[PDB]
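The data block below is input-v4.txt; it holds compact mmCIF, C-alpha atoms and all ligand atoms.
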```
# COMPACT_ATOMS: atom_id res chain seq x y z
CA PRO A 188 0.00 0.00 0.00
CA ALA A 189 0.83 3.72 -0.12
CA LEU A 190 3.19 5.27 2.45
CA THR A 191 1.55 7.37 5.15
CA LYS A 192 2.62 10.98 5.67
CA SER A 193 4.16 9.95 9.04
CA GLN A 194 6.14 7.19 7.33
CA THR A 195 7.33 9.54 4.57
CA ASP A 196 8.44 12.03 7.24
CA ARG A 197 10.38 9.22 8.90
CA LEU A 198 12.10 8.24 5.66
CA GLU A 199 12.87 11.88 4.85
CA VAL A 200 14.69 12.20 8.17
CA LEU A 201 16.92 9.36 6.90
CA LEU A 202 17.14 10.69 3.35
CA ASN A 203 20.32 12.49 2.30
CA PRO A 204 20.59 14.75 -0.79
CA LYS A 205 23.05 12.23 -2.33
CA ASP A 206 20.45 9.42 -2.32
CA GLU A 207 18.58 8.43 -5.47
CA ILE A 208 15.83 6.31 -3.91
CA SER A 209 12.32 6.69 -5.35
CA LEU A 210 9.60 6.71 -2.69
CA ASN A 211 7.16 5.81 -5.49
CA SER A 212 8.31 2.17 -5.44
CA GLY A 213 7.08 -1.43 -5.09
CA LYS A 214 8.51 -1.80 -1.57
CA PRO A 215 7.02 -1.43 1.93
CA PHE A 216 8.00 1.18 4.52
CA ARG A 217 9.92 -1.39 6.57
CA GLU A 218 12.34 -2.21 3.73
CA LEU A 219 12.83 1.39 2.62
CA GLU A 220 13.59 2.30 6.24
CA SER A 221 15.99 -0.59 6.78
CA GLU A 222 17.88 0.33 3.60
CA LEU A 223 18.19 4.00 4.57
CA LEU A 224 19.21 3.11 8.14
CA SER A 225 21.94 0.89 6.73
CA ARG A 226 23.20 3.66 4.43
CA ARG A 227 23.19 6.31 7.16
CA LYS A 228 25.02 3.99 9.56
CA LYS A 229 27.66 3.48 6.83
CA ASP A 230 27.95 7.27 6.35
CA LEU A 231 28.74 7.74 10.07
CA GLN A 232 31.17 4.81 10.04
CA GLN A 233 33.06 6.34 7.09
CA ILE A 234 33.29 9.70 8.90
CA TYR A 235 34.45 7.95 12.07
CA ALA A 236 37.10 5.91 10.25
CA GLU A 237 38.40 8.72 8.03
CA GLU A 238 37.96 12.46 8.72
CA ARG A 239 36.15 12.70 12.10
CA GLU A 240 35.51 16.46 11.73
CA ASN A 241 32.26 18.27 12.43
CA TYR A 242 31.00 20.35 9.50
CA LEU A 243 30.29 23.45 11.60
CA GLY A 244 33.70 23.25 13.28
CA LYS A 245 35.49 22.52 10.02
CA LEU A 246 33.72 25.36 8.21
CA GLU A 247 34.74 27.75 11.00
CA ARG A 248 38.37 26.65 10.65
CA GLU A 249 38.27 27.10 6.86
CA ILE A 250 36.69 30.56 7.13
CA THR A 251 39.18 31.51 9.85
CA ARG A 252 42.13 30.59 7.62
CA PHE A 253 40.63 32.59 4.73
CA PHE A 254 40.33 35.79 6.75
CA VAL A 255 43.59 35.44 8.66
CA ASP A 256 45.39 35.02 5.29
CA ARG A 257 43.64 38.17 3.91
CA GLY A 258 44.97 40.27 6.83
CA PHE A 259 42.02 40.15 9.25
CA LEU A 260 42.62 39.78 13.01
CA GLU A 261 40.74 36.88 14.70
CA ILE A 262 38.57 38.06 17.60
CA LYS A 263 36.87 35.99 20.31
CA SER A 264 34.59 38.25 22.36
CA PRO A 265 31.90 37.56 24.95
CA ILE A 266 28.73 35.76 23.89
CA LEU A 267 27.01 37.05 27.03
CA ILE A 268 26.79 40.81 26.49
CA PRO A 269 25.06 43.74 28.26
CA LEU A 270 21.45 44.42 27.25
CA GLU A 271 22.60 48.03 27.03
CA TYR A 272 24.72 47.14 23.95
CA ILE A 273 21.49 46.16 22.15
CA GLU A 274 19.75 49.42 23.05
CA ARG A 275 22.86 51.18 21.67
CA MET A 276 22.46 49.32 18.37
CA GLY A 277 19.19 51.28 18.07
CA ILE A 278 16.80 48.62 19.40
CA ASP A 279 14.30 49.98 21.93
CA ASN A 280 11.98 47.79 24.07
CA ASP A 281 9.03 48.83 21.88
CA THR A 282 10.70 47.83 18.58
CA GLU A 283 10.28 44.41 16.91
CA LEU A 284 13.71 42.75 17.39
CA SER A 285 13.80 43.30 21.19
CA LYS A 286 11.25 40.50 21.63
CA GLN A 287 13.69 38.14 19.88
CA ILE A 288 16.36 38.65 22.61
CA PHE A 289 17.22 35.87 25.07
CA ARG A 290 17.70 37.71 28.37
CA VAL A 291 19.76 36.20 31.18
CA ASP A 292 19.66 38.72 34.03
CA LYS A 293 18.21 42.23 34.13
CA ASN A 294 21.64 43.34 32.86
CA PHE A 295 22.75 40.75 30.29
CA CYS A 296 21.60 38.82 27.25
CA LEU A 297 22.79 36.28 24.71
CA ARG A 298 24.24 38.26 21.84
CA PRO A 299 21.89 38.34 18.84
CA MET A 300 24.76 39.89 16.90
CA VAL A 301 28.52 40.42 17.23
CA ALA A 302 28.43 44.09 15.98
CA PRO A 303 28.68 45.70 19.38
CA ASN A 304 31.85 43.74 20.16
CA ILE A 305 33.28 44.35 16.69
CA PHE A 306 32.74 48.13 16.97
CA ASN A 307 34.34 48.21 20.43
CA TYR A 308 37.37 46.23 19.26
CA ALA A 309 37.67 48.52 16.21
CA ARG A 310 37.66 51.66 18.37
CA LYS A 311 40.16 50.24 20.86
CA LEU A 312 42.53 48.74 18.30
CA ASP A 313 42.59 51.97 16.28
CA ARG A 314 44.86 53.36 19.02
CA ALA A 315 47.38 50.53 18.47
CA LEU A 316 47.19 49.26 14.89
CA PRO A 317 48.09 50.76 11.51
CA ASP A 318 45.36 51.72 9.07
CA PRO A 319 43.26 50.01 7.90
CA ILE A 320 41.84 48.06 10.83
CA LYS A 321 40.74 44.60 9.68
CA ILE A 322 39.04 42.24 12.15
CA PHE A 323 36.71 39.23 12.13
CA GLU A 324 34.85 37.03 14.55
CA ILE A 325 33.11 33.70 14.18
CA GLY A 326 30.87 32.43 16.97
CA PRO A 327 27.43 31.71 18.46
CA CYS A 328 24.54 34.16 18.26
CA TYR A 329 20.99 33.74 19.57
CA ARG A 330 17.53 34.95 18.49
CA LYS A 331 14.04 33.69 19.44
CA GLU A 332 12.33 32.66 16.19
CA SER A 333 8.97 31.31 14.99
CA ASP A 334 10.34 30.02 11.65
CA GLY A 335 12.29 26.74 11.57
CA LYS A 336 12.88 26.41 7.81
CA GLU A 337 15.71 28.94 7.31
CA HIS A 338 15.89 30.26 10.91
CA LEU A 339 17.55 28.81 13.97
CA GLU A 340 17.40 30.12 17.50
CA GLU A 341 21.00 29.08 18.07
CA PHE A 342 23.26 29.88 15.11
CA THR A 343 26.84 30.72 14.18
CA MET A 344 27.82 34.05 12.65
CA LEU A 345 30.85 35.09 10.70
CA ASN A 346 31.41 38.84 10.87
CA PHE A 347 34.23 40.68 9.12
CA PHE A 348 34.92 44.39 9.36
CA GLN A 349 37.36 46.89 7.89
CA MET A 350 37.83 50.50 9.05
CA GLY A 351 39.86 53.40 7.61
CA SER A 352 41.27 53.22 4.06
CA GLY A 353 39.86 50.95 1.35
CA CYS A 354 36.33 50.89 2.77
CA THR A 355 34.44 50.99 -0.51
CA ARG A 356 31.46 49.12 -1.88
CA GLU A 357 33.77 47.73 -4.55
CA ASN A 358 36.23 46.24 -2.03
CA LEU A 359 33.33 44.91 0.09
CA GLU A 360 31.98 43.10 -2.96
CA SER A 361 35.45 41.74 -3.85
CA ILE A 362 35.96 40.20 -0.41
CA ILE A 363 32.48 38.70 -0.53
CA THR A 364 33.03 37.42 -4.05
CA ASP A 365 36.41 35.83 -3.26
CA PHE A 366 35.04 34.36 0.00
CA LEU A 367 32.04 32.63 -1.58
CA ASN A 368 34.00 31.47 -4.66
CA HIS A 369 36.57 30.02 -2.24
CA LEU A 370 33.85 28.08 -0.38
CA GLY A 371 32.22 27.12 -3.70
CA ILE A 372 28.83 28.69 -2.93
CA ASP A 373 26.81 30.35 -5.70
CA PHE A 374 25.46 33.84 -5.06
CA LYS A 375 24.37 37.21 -6.34
CA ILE A 376 24.72 40.61 -4.68
CA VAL A 377 21.72 42.97 -4.71
CA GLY A 378 21.17 46.45 -3.23
CA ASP A 379 18.12 46.22 -0.94
CA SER A 380 16.63 47.73 2.24
CA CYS A 381 17.06 46.48 5.83
CA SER A 382 16.33 48.91 8.70
CA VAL A 383 18.49 47.10 11.29
CA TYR A 384 21.29 49.41 10.02
CA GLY A 385 20.19 51.29 6.86
CA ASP A 386 20.94 50.87 3.15
CA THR A 387 22.61 47.50 2.54
CA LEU A 388 23.81 44.90 0.11
CA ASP A 389 22.05 41.57 0.25
CA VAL A 390 23.97 38.46 -0.74
CA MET A 391 21.41 35.95 -1.99
CA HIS A 392 21.39 32.29 -2.91
CA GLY A 393 18.08 32.23 -4.77
CA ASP A 394 15.48 33.33 -2.22
CA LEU A 395 17.86 32.62 0.68
CA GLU A 396 19.77 35.53 2.28
CA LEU A 397 23.34 34.49 3.05
CA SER A 398 24.33 37.91 4.31
CA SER A 399 23.42 41.51 4.86
CA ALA A 400 26.41 43.77 4.30
CA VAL A 401 27.01 47.44 5.03
CA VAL A 402 29.15 50.27 3.68
CA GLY A 403 29.64 52.87 6.41
CA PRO A 404 29.80 55.46 7.74
CA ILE A 405 26.32 55.40 9.31
CA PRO A 406 24.80 57.69 12.02
CA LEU A 407 25.03 54.91 14.64
CA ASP A 408 28.87 54.97 14.55
CA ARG A 409 29.20 57.89 16.98
CA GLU A 410 27.45 55.84 19.71
CA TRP A 411 30.40 53.39 19.40
CA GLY A 412 33.11 56.06 19.15
CA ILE A 413 33.71 55.32 15.47
CA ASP A 414 34.31 58.27 13.10
CA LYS A 415 36.01 56.64 10.09
CA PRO A 416 34.79 54.92 6.95
CA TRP A 417 34.03 51.21 7.36
CA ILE A 418 32.72 48.11 5.61
CA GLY A 419 31.37 44.90 7.06
CA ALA A 420 29.22 41.82 6.57
CA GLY A 421 27.71 38.97 8.57
CA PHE A 422 27.14 35.42 7.33
CA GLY A 423 25.34 32.54 9.03
CA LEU A 424 27.55 29.44 8.94
CA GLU A 425 24.55 27.08 9.09
CA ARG A 426 23.08 28.79 5.99
CA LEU A 427 26.35 28.32 4.13
CA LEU A 428 26.39 24.64 5.14
CA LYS A 429 22.75 24.22 4.13
CA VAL A 430 23.53 25.61 0.67
CA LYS A 431 26.88 23.85 0.26
CA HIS A 432 25.57 20.38 1.20
CA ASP A 433 22.09 20.87 -0.30
CA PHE A 434 20.24 20.18 2.98
CA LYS A 435 16.44 20.59 2.71
CA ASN A 436 16.13 22.06 6.23
CA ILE A 437 18.63 24.27 8.10
CA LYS A 438 18.29 22.19 11.29
CA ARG A 439 20.54 19.60 9.58
CA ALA A 440 23.43 22.12 9.73
CA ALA A 441 22.85 23.28 13.29
CA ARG A 442 24.34 22.40 16.64
CA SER A 443 22.14 19.40 17.37
CA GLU A 444 21.65 16.06 19.08
CA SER A 445 19.48 14.82 16.18
CA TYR A 446 21.87 15.40 13.26
CA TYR A 447 25.62 14.97 12.81
CA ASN A 448 26.98 16.45 9.58
CA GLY A 449 23.40 16.30 8.23
CA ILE A 450 23.02 12.61 9.12
CA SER A 451 20.28 11.51 11.52
CA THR A 452 21.60 10.30 14.85
CA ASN A 453 18.21 8.61 15.52
CA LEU A 454 19.01 5.29 13.88
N1 LIG A 501 17.94 32.91 13.05
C1 LIG A 501 18.98 32.73 12.20
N2 LIG A 501 19.42 31.50 11.84
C2 LIG A 501 20.45 31.32 10.99
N3 LIG A 501 21.14 32.33 10.44
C3 LIG A 501 20.82 33.63 10.71
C4 LIG A 501 19.69 33.90 11.63
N4 LIG A 501 19.57 35.24 11.72
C5 LIG A 501 20.54 35.79 10.94
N5 LIG A 501 21.28 34.83 10.33
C6 LIG A 501 22.43 35.07 9.42
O1 LIG A 501 22.99 36.36 9.67
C7 LIG A 501 23.01 37.14 8.47
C8 LIG A 501 22.89 38.64 8.72
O2 LIG A 501 21.99 38.88 9.80
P1 LIG A 501 20.96 40.11 9.83
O3 LIG A 501 20.85 40.69 8.44
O4 LIG A 501 21.35 41.01 10.98
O5 LIG A 501 19.59 39.35 10.22
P2 LIG A 501 18.28 39.27 9.27
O6 LIG A 501 18.53 40.08 8.02
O7 LIG A 501 17.11 39.67 10.15
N6 LIG A 501 18.05 37.61 8.79
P3 LIG A 501 16.63 37.14 7.89
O8 LIG A 501 15.60 36.79 8.95
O9 LIG A 501 17.07 35.96 7.06
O10 LIG A 501 16.26 38.36 7.08
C9 LIG A 501 21.87 36.57 7.67
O11 LIG A 501 21.96 36.90 6.29
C10 LIG A 501 22.02 35.09 7.96
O12 LIG A 501 23.06 34.51 7.16
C1 LIG A 502 30.55 43.35 11.17
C2 LIG A 502 29.65 44.50 11.51
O1 LIG A 502 29.86 45.61 11.08
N1 LIG A 502 28.61 44.28 12.32
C3 LIG A 502 28.32 42.96 12.85
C4 LIG A 502 26.83 42.68 12.94
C5 LIG A 502 26.67 41.28 13.45
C6 LIG A 502 25.35 40.67 13.03
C7 LIG A 502 25.28 39.31 13.69
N2 LIG A 502 26.53 38.56 13.41
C8 LIG A 502 24.03 38.57 13.29
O2 LIG A 502 23.46 38.78 12.22
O3 LIG A 502 23.54 37.74 14.04
```

Show the structure stored in the file as structure tokens.
Amino acid sequence: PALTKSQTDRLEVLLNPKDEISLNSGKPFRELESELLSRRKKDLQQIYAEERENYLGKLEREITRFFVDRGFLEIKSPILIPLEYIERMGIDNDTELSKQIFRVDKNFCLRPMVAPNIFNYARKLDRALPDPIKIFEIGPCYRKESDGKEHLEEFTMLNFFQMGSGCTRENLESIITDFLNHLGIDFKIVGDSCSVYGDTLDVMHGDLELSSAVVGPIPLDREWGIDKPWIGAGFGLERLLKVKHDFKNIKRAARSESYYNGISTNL
């Protein structure tokens, strides 16, 4: 007989993009499941025997090497930041994004973005380092979400930032272009609106936003003690993984107990 929706959901959990198994077949659920379980077990065994690296960790290392080689300083700043920093990004209690914030005490929250820390490092380092100032951070960010198709509550952001000389739209696009061609991820850059900062570039993979990027200066800068030209962009690592490995849902690329490198751990 026909597969139930529940059964199809179960098989899809075990389906990988690589597979070429037709669900319109002359075989019962039990055999389709057993076959997929066997394949997925073999996938994990191959990883265990050979590379043993997590995709999210490996991607971070690859991105890190890319930016370190291009002259960007690697930053590791607090994940737990003051709620005040979020107000200073121009996000009042009444506004929309403030509901998305995971608060910890009355004082602190889980960073929804690394910008505050990047701006602070830029300002401080400008007193020590030659122009231009080039920095990047990769790490966890957190936002309460209703969507679970392209949106995680716990995700990993790459943010790079340059300040001083060379901070042009052209150079921003070149870094982005070299970065994504290096990772082997297809994209197009479009100039669209996003009132978290102002006018932006959007880096799209079809209908999926990989990044929102900014060419400063912007009026917010003075709140962070920045008074120089700057360029910057943020990318979600899980989105890059989702695109690179052709995962149907972003949860397959996330920190998870249910998936390892996009392979179900519920076998
Ligand atoms: N909840 C999330 N899960 C995974 N990645 C995210 C999430 N939020 C933001 N990102 C990534 O961070 C990049 C820049 O963030 P930002 O532009 O500040 O948020 P945003 O534009 O509100 N994201 P979106 O909801 O896709 O429009 C995005 O282009 C994504 O690659
Ligand atoms: C690099 C820069 O200018 N600002 C950083 C903004 C960080 C956004 C954060 N990483 C996020 O989208 O979650």

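Checking A:191, A:274, A:236, A:218 one by one against residue 410 of chain A, counting all atoms listed in the file, you find the shortest gap at A:274.
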
Return as a PyMOL selection string the residues of protein, DNA or RNA that approach ligand LIG 502 (chain A) to within 9 Å, with all atoms listed in the file taken into account.
-> chain A and resi 298-306+322-330+342-349+398-403+417-423

One residue among A:239, A:275, A:442, A:314 is nearest to ligand LIG 501 (chain A) when using only C-alpha atoms and all ligand atoms, and that residue is A:442

Which centre and edge lengths in Å to one decimal define the box along x, y and z that fits every listed atom of segment 406-418 of chain A plus 8 Å per side, as JSON?
```
{"center_x": 30.4, "center_y": 53.2, "center_z": 12.7, "size_x": 27.2, "size_y": 26.2, "size_z": 30.1}
```

In Å and to one decimal, atom CA of residue 424 of chain A is distant from atom CA of residue 308 of chain A by 22.0 Å

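Closest approach to residue 223 of chain A among A:383, A:450, A:390, A:288: A:450, based on all atoms listed in the file.
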
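Distance-wise, atom CA of residue 255 of chain A and atom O11 of ligand LIG 501 (chain A) end up 21.8 Å apart.
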
Can you work out the spacing between atom CA of residue 375 of chain A and atom CA of residue 309 of chain A in Å, to one decimal?
-> 28.5 Å

Pick the closest to ligand LIG 501 (chain A) from A:338, A:369, A:431, A:217: which is it, counting all atoms listed in the file?
->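 Residue with the minimum atom-to-atom distance to ligand LIG 501 (chain A): A:338.
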
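Counting all atoms listed in the file and comparing A:354, A:297, A:267, A:397, the residue that lies closest to residue 374 of chain A is A:397.
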
Using all atoms listed in the file, find all polymer residues with an atom at most 12 Å away from the point (29.8, 29.2, -3.8); report them as an MDAnalysis selection string.
-> chainID A and resid 363:375 390:392 397 426:433
